[PDB]
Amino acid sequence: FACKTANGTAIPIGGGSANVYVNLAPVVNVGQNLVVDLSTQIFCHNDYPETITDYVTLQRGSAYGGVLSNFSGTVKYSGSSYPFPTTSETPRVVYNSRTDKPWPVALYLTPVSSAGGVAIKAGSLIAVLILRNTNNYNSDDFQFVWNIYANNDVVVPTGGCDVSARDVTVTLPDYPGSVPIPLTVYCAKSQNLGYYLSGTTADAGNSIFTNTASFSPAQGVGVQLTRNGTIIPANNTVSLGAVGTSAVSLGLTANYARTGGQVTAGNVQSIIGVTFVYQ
């Protein structure tokens, strides 16, 4: 039993090891998949097929560097998948021919939420897979050790942040009243955020948002948003610094402000667009 590398490198009977270099997909997004199909670079053959049958398994499968911190995956061995890193030796596949047939091993790697920018450095050891060989003729047990090296960087683009918020706020606090608006942002990967409000306005200072309603437009008032006592006019980007794994609260309060001189009974409802600007 012997195996050779697509590049031509071989490991004779008895086993040994070899490097298997791979060019992985340059970019992979979170939730997406990185597949390293080795059934394209590792071939083995049976030496005395006419009288001897060969049993090949995936003895072990280990992760290294990037793959080990930025990914979670499975090892699909001949139409079946198992955890990777591996925790148990897989079923055996048979080799019964002197013709080099593939070794059906493929990695399915998925970048995690926290995956950096370069989840895999170019030239780094990605994995080490051990191919086990036995036969129905004697008691030989040899191990073929494949070392998977990544030829290029595998980049996992940084995603947008998440704006957690409690739905439609009840500015009920009877006309004079004023509630605080829960709103935080958490970025999987730290980055600088910036936001601004947009909406129809009703004042020269552009900070009191008009009342949009169906039942008795309590004419006279409007909704003004403040962040820790500071007014936020429309289209006035507020630097939020850099949001990270800890959701920053924008610290907003819906306040009633007056527009014209004649506050009047009725309902006061408003619609404001909050736009987060990415760097």
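Residue positions are given as counts along the sequence shown, with the first one as 1.
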Q. As stated in the PDB record, which stretch has the larger average Cα B-factor, 211 to 219 or 233 to 241?
A. 211 to 219
Q. If you average the Cα B factors in the entry, which is higher, 5 to 13 or 254 to 262?
A. 254 to 262
Q.
Can you tell me which of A204, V155, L125, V179 has the maximum CA B-factor listed in the PDB entry?
A. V179
Q) For the listed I130, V118, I148, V163, which has the peak Cα B-factor recorded in the PDB entry? A) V163
**Q.** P102 - which third its CA temperature factor falls in, relative to the rest of the chain
**A.** middle
Q) Is the Cα B-factor recorded for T57 in the lowest, middle or highest third of its chain? A) lowest
Q. Relative to the other modelled residues in the chain, which third contains the C-alpha temperature factor of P26: lowest, middle or highest?
A. lowest
Q: Using the B-factor values recorded in the entry, state whether the Cα atom of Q224 falls in the lowest, middle or highest third among the modelled residues of its chain.
A: lowest
Q: Relative to the other modelled residues of the same chain, rank the CA B-factor of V185 and answer lowest, middle or highest third.
A: middle
